[PDB]
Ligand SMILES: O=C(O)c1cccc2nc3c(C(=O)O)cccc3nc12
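Here you get one chain, nothing else, as C-alpha cells; it is the form solved without ligand PXC.
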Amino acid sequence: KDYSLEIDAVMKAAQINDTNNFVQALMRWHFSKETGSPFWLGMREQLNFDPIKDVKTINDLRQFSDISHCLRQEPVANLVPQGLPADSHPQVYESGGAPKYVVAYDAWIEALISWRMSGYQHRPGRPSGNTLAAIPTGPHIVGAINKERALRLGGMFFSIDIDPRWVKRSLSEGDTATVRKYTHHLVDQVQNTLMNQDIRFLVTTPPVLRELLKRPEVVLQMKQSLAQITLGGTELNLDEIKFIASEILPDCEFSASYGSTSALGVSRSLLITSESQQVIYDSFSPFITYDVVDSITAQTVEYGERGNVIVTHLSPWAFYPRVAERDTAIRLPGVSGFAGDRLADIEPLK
C-alpha cells in the first residue's frame, strides 16, 4: 500500500503552518493499526488519555510523558512506522552513551536540511565549496545531518576521527591530561585537512577552534578559505566568538548549531555579529518544538527567563514527546507565527 499521498498532506500542513491539522494527522498516523509503529501502537493502551481524541494542537502534546527510558531496550525495528515506504531504509542513531537507540531516515534528514538552509538559498552570492565537519559520525545523527548539509553547499564532505564518548568519559573521571592531549589530536587532524585541501566551511567546537587560532599559519589559511564557521555544543562564549568574528576572521560568517539527537535534529542560530546580544536559536517547527520550564516548578517560564529545555519531535518518521534534555536556555517568543519557543544562550544543567 502506498501512503505517499498521506505523508505529502502532512508535510504540506507543516509548510503552510497548519499546525493543528499537522498534529491531528500525525496522531492518526502514529496510532492507527495500518500506518503506526509497533512501539507507539503498543504504548497506546498505557496512555492516560486517547491520543486521537484528546490531542488537537502542539500545546496538547504536553499530555504525553517522556518515553526516552524505553529507548535502551526497545528493539529498533519497533520504531518504524508501518506507513513509511518499503524504500525508506532506517538508519540507527544513539544518544546518552547509556545509550538510547533511535531510527532516522534520509527523507527526514533531507527535509530538515532544506528547512535549515532555506535562507542560504536566498542570501546574495552564496558561497560554495567543501565542508570539513570536525564532528562525530558513527552512531551520531549530527554526522548524517552535516553530510546532507555539505551536499547542499556544493562541495564534498570531509570528516575527522573524533570519539565524543571518550572525551566525556575522560572528563568525568577528571582526567584533564587525557582531555588535553585528545584535543590537540583533534586540532592536528583539522589542521591537516585545512592545510592540504580547499575548505570553504568548517563545523567545530570552541576548544578546537581556540587551539587552531593560536597558529599563525592556519589563521592565514582560514582567512583566505573559510566562508563559514559553525560552532556546536552548549559551551559557547558570545563575547569570545564576537572577538574572533571581528578581530580575526572578519570575512567569515559565524553561526551556532544546537543538536537534539532525542528530536532527531539540529536547531539553527541567527548569524553572530557585532550586534549580537544573545545567541538565538530557531527549531524546525512544527516537527521539532521546544518548551522551556522552571527548574523548580516545571511550569513554562516567562519570556526572558532561563529554564530547562523540553523538546518534542513529531513527523511522519517518528514521535518523541516532551523529552527532558539536560540543557537550560532563555525562553524567547517564536517568530514566524509557528508554535514552539525560540531559545537563547544554551547551557548545560549545572
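Only residues modelled in both forms are compared. By rigid core we mean the largest C-alpha set that fits within 1.5 Å across both forms. Position 1 is the first residue in the sequence shown; the rest follow in order.
From this point on, the text means the form deposited with ligand PXC bound, which you will not see here.
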{"item": "Partner-proximal stretch of 102-110, 68-76, 88-96, 225-233 relative to ligand PXC in the deposited bound form, 4.5 angstroms, heavy atom", "value": "225-233"}
{"item": "Close approach of residue 126 to ligand PXC in the deposited bound form, 4.5 Å, heavy atom", "value": "yes"}
{"item": "4.5 angstroms heavy atom contact with ligand PXC in the deposited bound form for residue 148", "value": "no"}
{"item": "Contact test in the deposited bound form: residue 137 vs ligand PXC, heavy atoms, 4.5 Å", "value": "no"}
{"item": "Partner proximity in the deposited bound form: residue 255 to ligand PXC, non-hydrogen atom cutoff 4.5 Å", "value": "yes"}
{"item": "Contact at 28, 287 and 313 by ligand PXC in the deposited bound form, all three, heavy atom at most 4.5 Å", "value": "no"}
{"item": "Listed residue (80, 271, 245, 179) with a non-hydrogen atom within 4.5 angstroms of ligand PXC in the deposited bound form", "value": "271"}
{"item": "Of 194, 249, 160, 153, the one that lies within 4.5 Å of ligand PXC in the deposited bound form (heavy atoms)", "value": "153"}
{"item": "Identity of the moved residue from 123, 214, 181, 223, C-alpha shift 2 angstroms or more, core fit between the shown form and the other one", "value": "123"}
{"item": "Mobile segments between the shown form and the other one [3+ consecutive residues, each C-alpha shifted 2 angstroms or more, core superposed]", "value": "121-124, 336-338"}
